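Starting off, we have a lone chain in the form deposited in one PDB entry, written out as structure tokens.
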């Protein structure tokens, strides 16, 4: 009984299992130094997120350089080295207002009920007033109708369409407040037809490919074709880069299935969604998307103001503490920190609290129960790897194994085991550096980069990689000698196929 499960939760019983959820940290002026980055990695950071909404390429190249400098600082000890991925989060397509009467700093607020006209006439670009407002979205009138709502400046200001002019709109200020220059606009429920990527996104994406980033968090994704566009721009040289689509508006939620199908992962951007749809429905959207991603076996990331308050506070608010725990309880693969680590004054404490909350939340989940539903909703397959994966997870529960060791080149086999959410951690051993880093996208996977040189005979090379995982598992305290672990590898060498599962006692 679930209710009976809740009743049995105990705060006095320390979490036993390791923290399965990945932690993604936005890097900025307050966590940019190799020094701080080293600590953040020790504190649990698995992915470094660079927010391209701001900063120059040279600025970001140096951030990435420092991240790799700090990461390789631990390579002298292969057994403890933790791969650290680099994520590029695009500024993305957006609608900005013009400049209010000359200068930008100048603000012209207006009272509710008042009238306000939205003009596409470029003549009013740098001359916006409490009576006339210029926007850079040229199809604004075609995707909106009389009665539509329009938010200005991150939803701070609200408006409602009364009459649809030709190249303009007349609206009543439902809300109010200080209106500034070049502010972001949102069209709740409207099918915005802006290109999938902006011209700035294009160059940033190209930069990402040359910087060899592991994933891209693509903004404002609202249809499959938007994902394809992002994919096309990354091109042949960026084909292995994971594309995580950020669901930020109503159309994105409505066409979520086709978007998920086309993506490698998903990110619930509660911040923008909170503007785009009724704030009271965001928790529903988040839970729906996490659930579908878990069902599909694709990574899902939760972020957008998790532990915000921790900018100048030692500990998080109660709402934030609850939010991170429930996100992981919902089934999120990774939790992301923004601002709290990019700016703030407590970047380290923020990462540590994130880690603590996650492991507590994970200890409070009924793993066997979560797995039964996954296998239940999962269909009959003819793919031997899928069958091997489910059998390994089951065998793992039966002997309460210290881990499921998975040898993988591309990471696929490890991902297949991860979708079934075993309780035991998944130690994915690979010689591919990129696979090691990208693995953090999947909950429960603990990637380890095997340094040792390949062995002539495939059989010996397999034992070498398996024993490496064994030492890692021992070192990290996942298990010890005498315990039992599950191992997934292949039957023969040059044929490729993870269809072999072995139950082996730890040396």
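Rigid core here is just the name for the largest C-alpha set that superposes within 1.5 Å across the two forms. Positions refer to the first chain, counted from 1.
- The records show that residue 384 is included in the coordinate set of every other eligible entry of this protein, so it is not omitted in a third of them.
- Where the other entries of this protein model the residues before and after it, residue 369 is kept in all of them rather than dropped from a third.
- In this crystal structure, the stretch out of 450 to 458 and 53 to 61 whose C-alpha atoms carry the higher mean B factor is 450 to 458.
- The question of which stretch, 85 to 93 or 152 to 160, has the higher mean Cα B factor is settled in favour of 152 to 160.
- Which of 177, 238, 402, 321 has the largest Cα B-factor in the deposited entry comes down to 177.
- Among 234, 300, 166, 285, the highest C-alpha B-factor in the deposited entry belongs to 166.
- The PDB entry assigns residue 316 a C-alpha temperature factor belonging to the highest third of its chain's modelled residues.
- Residue 194 sits in the middle third of its chain by CA B factor, as recorded in the PDB entry.
- In the deposited entry, the Cα temperature factor of residue 412 places it in the lowest third of its chain's modelled residues.
- When all modelled residues of the chain are sorted by CA temperature factor, residue 147 is found within the highest third.
- In the PDB entry, a CA B factor belonging to the middle third of its chain's modelled residues is recorded for residue 188.
Beyond what is shown, the protein has a form deposited in another entry; the following relates to that form.
- Only one candidate in 136, 386, 308, 330 has its Cα displaced by 2 Å or more between this form and the one not shown after core superposition: 136.
- The pair residue 252 and residue 148 separates in the other form: their C-alpha atoms are at least 3 Å more distant from each other than in the form depicted.
- The pair residue 343 and residue 179 is tighter in the other form: their Cα-Cα distance falls by no less than 3 Å compared with this form.
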